[PDB]
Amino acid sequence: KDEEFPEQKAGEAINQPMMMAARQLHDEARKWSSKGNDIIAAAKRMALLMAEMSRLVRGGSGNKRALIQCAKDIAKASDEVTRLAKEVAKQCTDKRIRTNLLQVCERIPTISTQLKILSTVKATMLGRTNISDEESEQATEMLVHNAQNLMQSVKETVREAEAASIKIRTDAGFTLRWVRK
């Protein structure tokens, strides 16, 4: 059914924080079936792409273009998540839940744009042993922080969209399919 996620190695959280952030999104999205639910499909795609970004930043100058494209792909998926979350908010009859859902999903676009910017920075840095240790470390920290914020925001968006899909005045067939996997 779903694609498998990379095996977790000892020390992943500290050594590969973007992989851990990606794993947290995967863990949330895997609770649900992708059939009839493009938010979940997009979220699973995003977690796998971030896993790839994690692998790419540990490489050399040869991964420059791949790193940039990976960020591009992540942003495209994030735009799909935002669009679908907005529709679910529209169908939600609970004003509070609608507001909160819009609140969290509306931030995804800016975070993904920032991800593309920071990925580009790290990309042009890869393999160049002529760069300051401080500059390389801070670029990494910035990208890691942004990846964590994007994964956390998408994770919360999935959660709120699911609860919001129950607060509708039509039958279940008018919105995203939410069936536990």
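Numbering starts at 1 and follows the sequence shown.
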Please work out which of 52-60 and 129-137 has the higher mean CA B-factor as recorded in the PDB entry. 129-137
Between 158-166 and 19-27, which has the higher average C-alpha B-factor in the PDB entry? 158-166
Go through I39, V121, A47, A66 one by one and give the residue whose Cα B-factor in the PDB entry is largest. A66
Third of the chain, ranked by Cα B-factor, where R177 sits: lowest
Ranked by Cα temperature factor within the chain, is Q103 in the lowest third, the middle third or the highest third? highest
Would you check the entry's CA temperature factor for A89 and let me know if it's in the chain's lowest, middle or highest third? middle
If you rank every modelled residue in this chain by C-alpha B factor, which third holds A71: lowest, middle or highest? middle
Position of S78 among the chain's modelled residues by C-alpha B-factor, lowest, middle or highest third: middle
